[PDB]
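Below: one structure, written as structure tokens.
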Amino acid sequence: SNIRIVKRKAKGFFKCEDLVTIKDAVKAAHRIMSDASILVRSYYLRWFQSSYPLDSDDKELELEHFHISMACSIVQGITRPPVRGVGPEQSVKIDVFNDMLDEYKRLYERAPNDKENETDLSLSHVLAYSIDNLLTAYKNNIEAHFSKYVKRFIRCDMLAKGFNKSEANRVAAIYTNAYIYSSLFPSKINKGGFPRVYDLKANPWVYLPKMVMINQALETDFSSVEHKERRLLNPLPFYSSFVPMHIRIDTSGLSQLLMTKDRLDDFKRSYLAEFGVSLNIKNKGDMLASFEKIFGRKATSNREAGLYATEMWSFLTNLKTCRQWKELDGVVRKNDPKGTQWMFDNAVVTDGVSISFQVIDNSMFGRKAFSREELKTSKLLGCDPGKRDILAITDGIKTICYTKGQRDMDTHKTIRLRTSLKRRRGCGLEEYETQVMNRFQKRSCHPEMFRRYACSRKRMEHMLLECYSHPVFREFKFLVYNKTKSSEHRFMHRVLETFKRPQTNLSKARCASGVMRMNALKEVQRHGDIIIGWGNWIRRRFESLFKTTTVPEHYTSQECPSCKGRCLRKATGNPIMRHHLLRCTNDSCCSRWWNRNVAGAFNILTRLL
RNA sequence: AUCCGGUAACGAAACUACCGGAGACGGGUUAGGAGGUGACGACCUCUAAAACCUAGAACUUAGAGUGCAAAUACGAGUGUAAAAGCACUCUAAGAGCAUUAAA
Ligand SMILES: [Zn+2]
């Protein structure tokens, strides 16, 4: 199906009287989720010491959906398991609640208190979607960063054994290629002979214990290794940021928040008068009943049911009487070949400052089902995606780069940091956050080190949340998104004007050949008439205005256009070995001075030609 | 304090130096422009804002328009009688979120 999102400010969307409830709901959601994540993280660490190496008669611990749900109940002070019924399958899961409950007592050094976290509002339903995001986070972190752990462990070992820090990466790469394509890998799972990549995607939980072991050794085993090389990772993600996070609100969730039995009667009377049908609702919880019993008759089609959801939002929100409704009232973009029509999807995501609207295709609205010759005339350009500079563009006679500093100035980097320090320093919390908490780095995986950090934060949790609850922090969170487009769009506009006119010089770039001059003199007047090369190593928005192509990156930083062989290496022969100075290693070269951007970008463009 | 461009010492740097332009989130609070002598200044008026305070808005780029701010001479050496910037309407091209995280 087709799904799209629209992001706008939340001002005016909610009614004035109901605005207070929404604001307070966000605070409770962040506190419960943040505390729950720490409790879950601590529990898993204890399981690591329970059995390692793993036994052959038991399966690895995999976190299920109800694990996080029980954790939230413990935080709120629930005294008994939420499990319903008795059966062989629930024999083990029932006892797990007691173990987790005991762990919560062990984490803190004081008697648990219930009302320090409970809230009178019934915000249980909202927490349902927040759990899903955390669960999916573990899979993404394990699969993506697994290869990084392997290289670092081998890299640290080489450094410890006295081997030079230059060949350590090469040695690690050789081992990594063989195993991927001694104790850092398990036995091959798939019997079909496929590479280990398929095995990694088969299940991420199997490899999670291995990463935990790697981190523990890195903290203490490699004492002599330099601090810079020992960059600790976070195999177990957890919500550490104190800033409130976003939440998802649906029709069922919205009713549980704002609807009340006394106020419910007003909705029933309004619906009956305006539609002539009386709802079969007698209590607040009856609003979640199936469509069959709501009216006593069944809908003729799936799209009919969707219309019911839309009207519910109108009563509790100014959906059709707000400024933002202009872009959601069946607006069709000018450049859609299919002429698709979109409408509100009865879903809202907000954090109290910014609101994101979910809009789906009209054709699929309701109950969804289960789920070449242009190169001759076009002007050619190449790119060399580096690290210091996000992107670089060359044409054989001049170069332009999108430096990291350019984005920093556009995003108001200095102001954001300046404002944050001053506001926090007013309450005196700066010393505790930096001087104290820095001694107990959160990325540590040992139970003892983590326990010290966990209890320390709990003591100052009340003060920290109030200080970080100021909207100023969230305002900057929206500012970066708004300014991100401006920084990227302006650079793309500069690209057109940079090469719109024929180059005014023909001899400054001595390395330029006859072919380079022929392409430079070409005149362009449209965005789509320019073709920009790209490499395997931001491209989402660039392709929307300019056509792109892929070029191999093999040996693109050593080859030279007018030499018998590779001649590019780091500059030598001077007392100072500067950061990015490059000098040719032979006199038979068109140019003796080179830099990272021009040296690599020029070769990429040459291959395209 | 930083970004961009040029200049040499064979498309050279976080210092090898110099020169010409941008910019410091929103609101209240300071110095610059224009005008009762569009001569300077004597006296006032419209806009605007670095340091400080503060629970506080906004979909993005190229261009086209409208709409703003009012109070030297004649004569019998002599008396006196449009800029910075901002707001709105348009055209063209775009328009999917929440987070974990790093060489
Ligand atoms: Zn060469």
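Ordering of the structure tokens sets the chain letters (A, B, ...), residue numbers begin anew at 1 in every chain, and ligands are numbered from 1 in the order given.
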Contact residues (chain B, partner chain A, 12 Å, only C-alpha atoms (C1' of nucleotides)) as a ChimeraX atom specification:
/B:1-5,9-15,22-26,53-62,92-103
Closest contacts (chain A/ligand 1, max 9 Å, only C-alpha atoms and all ligand atoms) as a Markdown table:
```
| residue | atom | partner | partner_atom_place_in_ligand_line | distance |
| --- | --- | --- | --- | --- |
| A:511 | CA | ligand 1 | 1 (Zn) | 8.9 |
| A:558 | CA | ligand 1 | 1 (Zn) | 8.4 |
| A:559 | CA | ligand 1 | 1 (Zn) | 7.2 |
| A:560 | CA | ligand 1 | 1 (Zn) | 4.4 |
| A:561 | CA | ligand 1 | 1 (Zn) | 6.7 |
| A:562 | CA | ligand 1 | 1 (Zn) | 6.1 |
| A:563 | CA | ligand 1 | 1 (Zn) | 5.0 |
| A:564 | CA | ligand 1 | 1 (Zn) | 8.1 |
| A:565 | CA | ligand 1 | 1 (Zn) | 7.6 |
| A:566 | CA | ligand 1 | 1 (Zn) | 6.8 |
| A:567 | CA | ligand 1 | 1 (Zn) | 5.1 |
| A:568 | CA | ligand 1 | 1 (Zn) | 6.6 |
| A:584 | CA | ligand 1 | 1 (Zn) | 6.5 |
| A:585 | CA | ligand 1 | 1 (Zn) | 8.3 |
| A:586 | CA | ligand 1 | 1 (Zn) | 7.7 |
| A:587 | CA | ligand 1 | 1 (Zn) | 8.5 |
| A:588 | CA | ligand 1 | 1 (Zn) | 6.9 |
| A:589 | CA | ligand 1 | 1 (Zn) | 4.1 |
| A:590 | CA | ligand 1 | 1 (Zn) | 6.1 |
| A:591 | CA | ligand 1 | 1 (Zn) | 6.8 |
| A:592 | CA | ligand 1 | 1 (Zn) | 7.6 |
```
Take the residues just selected and output them with N, CA and C atoms as a tab-separated table (two decimals), in the first residue's frame.
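Result written to out_6.tsv:
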```tsv
chain	number	residue	atom	x	y	z
A	511	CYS	N	46.05	19.35	-15.96
A	511	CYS	CA	45.75	17.93	-16.12
A	511	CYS	C	44.54	17.69	-17.02
A	558	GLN	N	44.07	6.39	-6.40
A	558	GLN	CA	45.49	6.19	-6.68
A	558	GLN	C	45.80	6.37	-8.16
A	559	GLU	N	44.83	6.05	-9.02
A	559	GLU	CA	45.04	6.20	-10.46
A	559	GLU	C	45.11	7.68	-10.84
A	560	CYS	N	45.86	7.96	-11.90
A	560	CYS	CA	46.02	9.32	-12.39
A	560	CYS	C	45.70	9.37	-13.88
A	561	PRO	N	45.06	10.44	-14.36
A	561	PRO	CA	44.65	10.47	-15.78
A	561	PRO	C	45.79	10.34	-16.77
A	562	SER	N	46.95	10.92	-16.48
A	562	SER	CA	48.02	11.07	-17.46
A	562	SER	C	49.33	10.50	-16.93
A	563	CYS	N	49.27	9.32	-16.33
A	563	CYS	CA	50.47	8.67	-15.79
A	563	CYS	C	50.48	7.21	-16.19
A	564	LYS	N	51.69	6.65	-16.26
A	564	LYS	CA	51.86	5.24	-16.59
A	564	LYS	C	51.36	4.32	-15.50
A	565	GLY	N	51.06	4.85	-14.31
A	565	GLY	CA	50.58	4.02	-13.22
A	565	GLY	C	50.19	4.88	-12.04
A	566	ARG	N	49.71	4.22	-11.00
A	566	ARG	CA	49.29	4.92	-9.80
A	566	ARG	C	50.47	5.68	-9.19
A	567	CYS	N	50.21	6.94	-8.80
A	567	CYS	CA	51.28	7.81	-8.32
A	567	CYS	C	50.86	8.66	-7.12
A	568	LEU	N	49.69	8.42	-6.53
A	568	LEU	CA	49.17	9.26	-5.47
A	568	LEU	C	49.44	8.63	-4.11
A	584	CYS	N	52.69	14.05	-5.26
A	584	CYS	CA	52.97	12.96	-6.18
A	584	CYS	C	54.32	12.32	-5.85
A	585	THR	N	54.41	11.01	-6.10
A	585	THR	CA	55.60	10.24	-5.80
A	585	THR	C	56.57	10.15	-6.98
A	586	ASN	N	56.26	10.80	-8.10
A	586	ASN	CA	57.12	10.76	-9.27
A	586	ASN	C	57.00	12.09	-10.02
A	587	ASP	N	58.06	12.42	-10.76
A	587	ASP	CA	58.09	13.67	-11.51
A	587	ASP	C	57.26	13.62	-12.79
A	588	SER	N	56.92	12.42	-13.27
A	588	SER	CA	56.14	12.28	-14.50
A	588	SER	C	54.64	12.34	-14.19
A	589	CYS	N	54.21	13.52	-13.73
A	589	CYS	CA	52.82	13.75	-13.38
A	589	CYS	C	52.42	15.15	-13.84
A	590	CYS	N	51.16	15.28	-14.25
A	590	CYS	CA	50.67	16.57	-14.75
A	590	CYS	C	50.70	17.63	-13.66
A	591	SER	N	50.27	17.26	-12.45
A	591	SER	CA	50.29	18.16	-11.30
A	591	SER	C	50.96	17.46	-10.12
A	592	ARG	N	51.78	18.21	-9.39
A	592	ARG	CA	52.50	17.67	-8.24
A	592	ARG	C	51.71	17.80	-6.95
```
Within 9 Å of segment 30-37 of chain B using only C-alpha atoms (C1' of nucleotides), minus same-chain residues under 4 positions, as a PDB file with N, CA, C and O atoms (P, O5', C5', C4', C3', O3' and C1' of nucleotides), in the first residue's frame:
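Wrote selection20.pdb, looks like this:
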```
ATOM      1  P     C B  44      15.539  66.131  21.983  1.00  0.00           P
ATOM      2  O5'   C B  44      13.961  66.200  21.774  1.00  0.00           O
ATOM      3  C5'   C B  44      13.209  65.021  21.527  1.00  0.00           C
ATOM      4  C4'   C B  44      12.179  65.234  20.446  1.00  0.00           C
ATOM      5  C3'   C B  44      11.801  63.998  19.641  1.00  0.00           C
ATOM      6  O3'   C B  44      10.817  63.205  20.284  1.00  0.00           O
ATOM      7  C1'   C B  44      12.280  65.781  18.165  1.00  0.00           C
ATOM      8  P     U B  45      10.945  61.602  20.315  1.00  0.00           P
ATOM      9  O5'   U B  45      10.246  61.131  18.963  1.00  0.00           O
ATOM     10  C5'   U B  45       8.879  61.422  18.706  1.00  0.00           C
ATOM     11  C4'   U B  45       8.578  61.397  17.229  1.00  0.00           C
ATOM     12  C3'   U B  45       8.765  60.057  16.531  1.00  0.00           C
ATOM     13  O3'   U B  45       7.645  59.197  16.681  1.00  0.00           O
ATOM     14  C1'   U B  45       9.830  61.753  15.275  1.00  0.00           C
ATOM     15  P     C B  46       7.846  57.614  16.879  1.00  0.00           P
ATOM     16  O5'   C B  46       7.957  57.041  15.395  1.00  0.00           O
ATOM     17  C5'   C B  46       6.803  56.620  14.679  1.00  0.00           C
ATOM     18  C4'   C B  46       7.174  55.814  13.458  1.00  0.00           C
ATOM     19  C3'   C B  46       8.064  54.603  13.711  1.00  0.00           C
ATOM     20  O3'   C B  46       7.326  53.457  14.102  1.00  0.00           O
ATOM     21  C1'   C B  46       8.975  55.886  11.950  1.00  0.00           C
ATOM     22  P     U B  47       7.965  52.376  15.104  1.00  0.00           P
ATOM     23  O5'   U B  47       8.946  51.523  14.182  1.00  0.00           O
ATOM     24  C5'   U B  47       8.456  50.799  13.062  1.00  0.00           C
ATOM     25  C4'   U B  47       9.582  50.374  12.153  1.00  0.00           C
ATOM     26  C3'   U B  47      10.626  49.463  12.784  1.00  0.00           C
ATOM     27  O3'   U B  47      10.225  48.101  12.697  1.00  0.00           O
ATOM     28  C1'   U B  47      11.687  51.241  11.589  1.00  0.00           C
ATOM     29  P     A B  48      11.184  46.896  13.163  1.00  0.00           P
ATOM     30  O5'   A B  48      12.634  47.340  12.679  1.00  0.00           O
ATOM     31  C5'   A B  48      13.501  46.450  11.992  1.00  0.00           C
ATOM     32  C4'   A B  48      14.860  46.447  12.636  1.00  0.00           C
ATOM     33  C3'   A B  48      14.969  45.603  13.898  1.00  0.00           C
ATOM     34  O3'   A B  48      15.272  44.247  13.616  1.00  0.00           O
ATOM     35  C1'   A B  48      15.758  47.782  14.349  1.00  0.00           C
ATOM     36  P     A B  49      15.043  43.110  14.727  1.00  0.00           P
ATOM     37  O5'   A B  49      16.391  43.135  15.571  1.00  0.00           O
ATOM     38  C5'   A B  49      17.658  43.010  14.927  1.00  0.00           C
ATOM     39  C4'   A B  49      18.739  43.552  15.819  1.00  0.00           C
ATOM     40  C3'   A B  49      18.888  42.861  17.163  1.00  0.00           C
ATOM     41  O3'   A B  49      19.676  41.689  17.078  1.00  0.00           O
ATOM     42  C1'   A B  49      18.790  45.206  17.484  1.00  0.00           C
ATOM     43  P     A B  50      19.761  40.674  18.320  1.00  0.00           P
ATOM     44  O5'   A B  50      21.280  40.193  18.314  1.00  0.00           O
ATOM     45  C5'   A B  50      21.960  39.892  19.528  1.00  0.00           C
ATOM     46  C4'   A B  50      23.458  39.959  19.355  1.00  0.00           C
ATOM     47  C3'   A B  50      24.257  40.052  20.653  1.00  0.00           C
ATOM     48  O3'   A B  50      25.496  39.357  20.517  1.00  0.00           O
ATOM     49  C1'   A B  50      24.696  41.954  19.323  1.00  0.00           C
ATOM     50  P     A B  51      25.896  38.214  21.573  1.00  0.00           P
ATOM     51  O5'   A B  51      26.130  39.013  22.932  1.00  0.00           O
ATOM     52  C5'   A B  51      25.677  38.490  24.172  1.00  0.00           C
ATOM     53  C4'   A B  51      25.817  39.498  25.285  1.00  0.00           C
ATOM     54  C3'   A B  51      24.915  39.283  26.492  1.00  0.00           C
ATOM     55  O3'   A B  51      25.413  38.315  27.399  1.00  0.00           O
ATOM     56  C1'   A B  51      24.790  41.540  25.819  1.00  0.00           C
ATOM     57  P     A B  69       1.680  53.607   6.936  1.00  0.00           P
ATOM     58  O5'   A B  69       2.340  55.050   7.067  1.00  0.00           O
ATOM     59  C5'   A B  69       3.607  55.218   7.692  1.00  0.00           C
ATOM     60  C4'   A B  69       4.019  56.668   7.736  1.00  0.00           C
ATOM     61  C3'   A B  69       4.153  57.347   6.375  1.00  0.00           C
ATOM     62  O3'   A B  69       3.792  58.723   6.488  1.00  0.00           O
ATOM     63  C1'   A B  69       6.241  57.383   7.480  1.00  0.00           C
ATOM     64  P     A B  71       2.549  65.672   6.628  1.00  0.00           P
ATOM     65  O5'   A B  71       2.982  66.447   7.951  1.00  0.00           O
ATOM     66  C5'   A B  71       2.005  66.968   8.840  1.00  0.00           C
ATOM     67  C4'   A B  71       2.617  67.411  10.146  1.00  0.00           C
ATOM     68  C3'   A B  71       3.643  68.530  10.059  1.00  0.00           C
ATOM     69  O3'   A B  71       3.054  69.814   9.958  1.00  0.00           O
ATOM     70  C1'   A B  71       4.471  66.805  11.448  1.00  0.00           C
ATOM     71  P     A B  82      12.519  58.566  -6.540  1.00  0.00           P
ATOM     72  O5'   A B  82      13.358  58.516  -5.187  1.00  0.00           O
ATOM     73  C5'   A B  82      12.836  59.062  -3.985  1.00  0.00           C
ATOM     74  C4'   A B  82      13.713  58.734  -2.802  1.00  0.00           C
ATOM     75  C3'   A B  82      13.814  57.262  -2.436  1.00  0.00           C
ATOM     76  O3'   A B  82      14.748  56.558  -3.237  1.00  0.00           O
ATOM     77  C1'   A B  82      13.451  58.559  -0.478  1.00  0.00           C
ATOM     78  P     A B  83      14.769  54.951  -3.234  1.00  0.00           P
ATOM     79  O5'   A B  83      16.079  54.584  -2.405  1.00  0.00           O
ATOM     80  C5'   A B  83      16.303  53.259  -1.947  1.00  0.00           C
ATOM     81  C4'   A B  83      17.291  53.227  -0.807  1.00  0.00           C
ATOM     82  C3'   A B  83      17.143  52.067   0.167  1.00  0.00           C
ATOM     83  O3'   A B  83      17.778  50.885  -0.293  1.00  0.00           O
ATOM     84  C1'   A B  83      17.354  54.097   1.370  1.00  0.00           C
ATOM     85  P     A B  84      17.118  49.444  -0.026  1.00  0.00           P
ATOM     86  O5'   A B  84      17.580  49.073   1.453  1.00  0.00           O
ATOM     87  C5'   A B  84      18.942  48.801   1.749  1.00  0.00           C
ATOM     88  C4'   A B  84      19.150  48.598   3.229  1.00  0.00           C
ATOM     89  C3'   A B  84      18.273  47.537   3.879  1.00  0.00           C
ATOM     90  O3'   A B  84      18.799  46.229   3.733  1.00  0.00           O
ATOM     91  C1'   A B  84      18.193  49.520   5.164  1.00  0.00           C
TER      92        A B  84
END
```
Quick one: pick out all helix (DSSP H, G or I) residues within segment 211-275 of chain A from a backbone DSSP run and write them as a ChimeraX atom specification.
/A:211-220,251-258,261-275
With N, CA and C atoms retained, could you export that selection as an mmCIF file, in the first residue's frame?
```cif
data_model
loop_
_atom_site.group_PDB
_atom_site.id
_atom_site.type_symbol
_atom_site.label_atom_id
_atom_site.label_comp_id
_atom_site.auth_asym_id
_atom_site.auth_seq_id
_atom_site.Cartn_x
_atom_site.Cartn_y
_atom_site.Cartn_z
ATOM 1 N N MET A 211 28.145 -10.439 21.468
ATOM 2 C CA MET A 211 28.520 -9.031 21.553
ATOM 3 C C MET A 211 28.717 -8.602 23.001
ATOM 4 N N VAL A 212 27.875 -9.103 23.908
ATOM 5 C CA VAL A 212 28.018 -8.760 25.320
ATOM 6 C C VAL A 212 29.379 -9.208 25.837
ATOM 7 N N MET A 213 29.809 -10.412 25.453
ATOM 8 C CA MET A 213 31.119 -10.898 25.874
ATOM 9 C C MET A 213 32.230 -9.992 25.357
ATOM 10 N N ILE A 214 32.108 -9.523 24.114
ATOM 11 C CA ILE A 214 33.150 -8.681 23.531
ATOM 12 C C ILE A 214 33.316 -7.404 24.346
ATOM 13 N N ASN A 215 32.201 -6.758 24.695
ATOM 14 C CA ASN A 215 32.281 -5.492 25.418
ATOM 15 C C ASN A 215 32.935 -5.670 26.782
ATOM 16 N N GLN A 216 32.598 -6.750 27.490
ATOM 17 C CA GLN A 216 33.164 -6.958 28.819
ATOM 18 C C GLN A 216 34.682 -7.065 28.761
ATOM 19 N N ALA A 217 35.208 -7.800 27.779
ATOM 20 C CA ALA A 217 36.655 -7.923 27.646
ATOM 21 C C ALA A 217 37.296 -6.580 27.313
ATOM 22 N N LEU A 218 36.669 -5.804 26.426
ATOM 23 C CA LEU A 218 37.264 -4.543 25.996
ATOM 24 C C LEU A 218 37.464 -3.584 27.162
ATOM 25 N N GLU A 219 36.570 -3.614 28.152
ATOM 26 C CA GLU A 219 36.662 -2.663 29.254
ATOM 27 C C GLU A 219 37.863 -2.939 30.150
ATOM 28 N N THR A 220 38.215 -4.205 30.351
ATOM 29 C CA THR A 220 39.266 -4.565 31.299
ATOM 30 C C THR A 220 40.403 -5.359 30.673
ATOM 31 N N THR A 251 -7.606 6.084 17.314
ATOM 32 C CA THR A 251 -8.995 6.284 17.717
ATOM 33 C C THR A 251 -9.274 5.620 19.060
ATOM 34 N N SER A 252 -8.833 4.371 19.224
ATOM 35 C CA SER A 252 -9.032 3.683 20.495
ATOM 36 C C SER A 252 -8.261 4.369 21.616
ATOM 37 N N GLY A 253 -7.014 4.758 21.350
ATOM 38 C CA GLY A 253 -6.228 5.430 22.371
ATOM 39 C C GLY A 253 -6.793 6.786 22.747
ATOM 40 N N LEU A 254 -7.255 7.549 21.754
ATOM 41 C CA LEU A 254 -7.776 8.884 22.032
ATOM 42 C C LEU A 254 -8.980 8.823 22.962
ATOM 43 N N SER A 255 -9.878 7.861 22.741
ATOM 44 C CA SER A 255 -11.062 7.751 23.586
ATOM 45 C C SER A 255 -10.682 7.486 25.037
ATOM 46 N N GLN A 256 -9.720 6.589 25.265
ATOM 47 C CA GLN A 256 -9.321 6.271 26.632
ATOM 48 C C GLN A 256 -8.747 7.487 27.347
ATOM 49 N N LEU A 257 -8.187 8.439 26.600
ATOM 50 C CA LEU A 257 -7.540 9.592 27.217
ATOM 51 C C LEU A 257 -8.552 10.672 27.591
ATOM 52 N N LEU A 258 -9.270 11.201 26.601
ATOM 53 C CA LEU A 258 -10.122 12.366 26.803
ATOM 54 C C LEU A 258 -11.577 12.022 27.088
ATOM 55 N N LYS A 261 -17.462 9.309 30.782
ATOM 56 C CA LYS A 261 -18.849 8.856 30.754
ATOM 57 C C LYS A 261 -19.814 10.035 30.745
ATOM 58 N N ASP A 262 -19.566 11.038 31.591
ATOM 59 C CA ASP A 262 -20.419 12.221 31.595
ATOM 60 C C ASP A 262 -20.340 12.959 30.265
ATOM 61 N N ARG A 263 -19.131 13.111 29.722
ATOM 62 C CA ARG A 263 -18.953 13.777 28.438
ATOM 63 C C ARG A 263 -19.331 12.889 27.261
ATOM 64 N N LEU A 264 -19.385 11.570 27.461
ATOM 65 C CA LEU A 264 -19.726 10.667 26.367
ATOM 66 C C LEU A 264 -21.152 10.897 25.883
ATOM 67 N N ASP A 265 -22.079 11.164 26.807
ATOM 68 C CA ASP A 265 -23.473 11.355 26.420
ATOM 69 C C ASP A 265 -23.626 12.477 25.402
ATOM 70 N N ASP A 266 -22.790 13.514 25.490
ATOM 71 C CA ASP A 266 -22.865 14.601 24.520
ATOM 72 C C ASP A 266 -22.566 14.102 23.112
ATOM 73 N N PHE A 267 -21.550 13.248 22.970
ATOM 74 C CA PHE A 267 -21.229 12.695 21.658
ATOM 75 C C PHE A 267 -22.378 11.850 21.122
ATOM 76 N N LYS A 268 -23.001 11.046 21.986
ATOM 77 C CA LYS A 268 -24.108 10.205 21.544
ATOM 78 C C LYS A 268 -25.275 11.047 21.043
ATOM 79 N N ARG A 269 -25.633 12.102 21.780
ATOM 80 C CA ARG A 269 -26.733 12.959 21.350
ATOM 81 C C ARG A 269 -26.409 13.654 20.033
ATOM 82 N N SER A 270 -25.183 14.166 19.896
ATOM 83 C CA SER A 270 -24.806 14.848 18.662
ATOM 84 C C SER A 270 -24.836 13.896 17.474
ATOM 85 N N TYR A 271 -24.318 12.678 17.652
ATOM 86 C CA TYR A 271 -24.308 11.714 16.557
ATOM 87 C C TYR A 271 -25.724 11.344 16.135
ATOM 88 N N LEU A 272 -26.612 11.116 17.105
ATOM 89 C CA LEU A 272 -27.984 10.738 16.779
ATOM 90 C C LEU A 272 -28.693 11.850 16.014
ATOM 91 N N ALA A 273 -28.567 13.091 16.489
ATOM 92 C CA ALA A 273 -29.251 14.202 15.836
ATOM 93 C C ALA A 273 -28.715 14.438 14.430
ATOM 94 N N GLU A 274 -27.393 14.388 14.260
ATOM 95 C CA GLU A 274 -26.786 14.693 12.970
ATOM 96 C C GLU A 274 -26.852 13.530 11.990
ATOM 97 N N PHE A 275 -26.954 12.292 12.479
ATOM 98 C CA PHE A 275 -26.953 11.120 11.617
ATOM 99 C C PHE A 275 -28.192 10.249 11.761
#
```
Those in segment 218-394 of chain A with strand (DSSP E) from DSSP, as number ranges by chain:
A: 247-249, 342-350, 354-361, 379-383, 389-394
Can you spit out the residues from that selection as an mmCIF file, in the first residue's frame, using C-alpha atoms?
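The resulting selection_10.cif:
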```
data_model
loop_
_atom_site.group_PDB
_atom_site.id
_atom_site.type_symbol
_atom_site.label_atom_id
_atom_site.label_comp_id
_atom_site.auth_asym_id
_atom_site.auth_seq_id
_atom_site.Cartn_x
_atom_site.Cartn_y
_atom_site.Cartn_z
ATOM 1 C CA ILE A 247 3.850 9.015 21.109
ATOM 2 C CA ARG A 248 1.258 7.537 18.753
ATOM 3 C CA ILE A 249 -2.447 8.278 19.260
ATOM 4 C CA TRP A 342 -5.104 11.251 -0.197
ATOM 5 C CA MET A 343 -7.143 11.555 2.990
ATOM 6 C CA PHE A 344 -6.587 11.419 6.734
ATOM 7 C CA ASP A 345 -5.775 7.950 8.079
ATOM 8 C CA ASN A 346 -7.203 8.450 11.601
ATOM 9 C CA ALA A 347 -3.689 8.383 13.076
ATOM 10 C CA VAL A 348 -1.719 11.155 14.786
ATOM 11 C CA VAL A 349 1.845 11.292 16.124
ATOM 12 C CA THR A 350 2.845 14.207 18.345
ATOM 13 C CA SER A 354 5.116 19.041 16.627
ATOM 14 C CA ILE A 355 2.344 16.886 15.147
ATOM 15 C CA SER A 356 2.820 14.416 12.289
ATOM 16 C CA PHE A 357 -0.240 13.410 10.264
ATOM 17 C CA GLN A 358 -0.691 10.032 8.573
ATOM 18 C CA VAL A 359 -2.368 10.194 5.154
ATOM 19 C CA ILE A 360 -3.115 7.188 2.936
ATOM 20 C CA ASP A 361 -4.319 6.695 -0.623
ATOM 21 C CA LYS A 379 26.241 17.242 -19.190
ATOM 22 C CA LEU A 380 28.202 14.760 -17.079
ATOM 23 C CA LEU A 381 29.577 15.282 -13.569
ATOM 24 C CA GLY A 382 31.084 13.120 -10.850
ATOM 25 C CA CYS A 383 31.002 12.875 -7.071
ATOM 26 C CA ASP A 389 32.943 16.768 3.401
ATOM 27 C CA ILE A 390 29.556 15.112 2.938
ATOM 28 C CA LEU A 391 29.609 15.583 -0.848
ATOM 29 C CA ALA A 392 31.937 16.955 -3.514
ATOM 30 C CA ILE A 393 31.376 17.888 -7.163
ATOM 31 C CA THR A 394 34.007 18.343 -9.871
#
```
So what do you get for atom CA of residue 104 of chain A versus atom CA of residue 447 of chain A, distance-wise?
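Distance reported for this atom pair: 13.3 Å.
Between residue 42 of chain A and the candidates A:69, A:444, A:438, A:548, the tightest atom-to-atom separation, counting only C-alpha atoms, involves A:444.
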Kindly give the distance, in Å, that separates atom CA of residue 197 of chain A and atom CA of residue 180 of chain A, rounded to a single decimal.
7.0 Å
So that I can check the surroundings of segment 153-165 of chain A, please list as an mmCIF file with C-alpha atoms, in the first residue's frame every protein, DNA and RNA residue that reaches within 9 Å of it, counting only C-alpha atoms (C1' of nucleotides) and ignoring chain neighbours fewer than 2 positions away.
```cif
data_model
loop_
_atom_site.group_PDB
_atom_site.id
_atom_site.type_symbol
_atom_site.label_atom_id
_atom_site.label_comp_id
_atom_site.auth_asym_id
_atom_site.auth_seq_id
_atom_site.Cartn_x
_atom_site.Cartn_y
_atom_site.Cartn_z
ATOM 1 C CA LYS A 148 31.819 -3.686 13.778
ATOM 2 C CA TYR A 149 32.272 -5.673 16.997
ATOM 3 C CA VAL A 150 34.264 -8.400 15.230
ATOM 4 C CA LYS A 151 36.787 -6.003 13.693
ATOM 5 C CA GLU A 167 48.515 -3.311 9.727
ATOM 6 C CA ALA A 168 45.977 -4.245 12.421
ATOM 7 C CA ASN A 169 43.043 -3.286 10.193
ATOM 8 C CA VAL A 171 44.918 -8.379 9.465
ATOM 9 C CA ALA A 172 41.387 -7.998 10.836
ATOM 10 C CA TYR A 175 40.032 -12.758 9.031
ATOM 11 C CA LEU A 184 33.786 -14.648 17.703
ATOM 12 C CA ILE A 214 33.150 -8.681 23.531
ATOM 13 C CA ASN A 215 32.281 -5.492 25.418
ATOM 14 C CA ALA A 217 36.655 -7.923 27.646
ATOM 15 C CA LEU A 218 37.264 -4.543 25.996
ATOM 16 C CA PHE A 222 42.762 -4.514 26.917
ATOM 17 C CA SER A 223 43.972 -2.155 29.630
ATOM 18 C CA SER A 224 47.124 -1.091 27.769
ATOM 19 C CA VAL A 225 45.289 -0.144 24.559
ATOM 20 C CA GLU A 226 44.777 3.565 23.939
ATOM 21 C CA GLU A 229 40.908 3.033 20.075
ATOM 22 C CA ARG A 230 38.699 1.629 22.868
#
```
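Neighbours of residue 103 of chain A closer than or equal to 10 Å, with only C-alpha atoms (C1' of nucleotides) counted and sequence neighbours fewer than 4 positions away skipped, come out as residues 39, 40, 42, 43, 46, 97, 98, 99, 107 and 108 of chain A.
Of note, atom CA of residue 89 of chain A and atom CA of residue 64 of chain A are spaced 13.7 Å apart.
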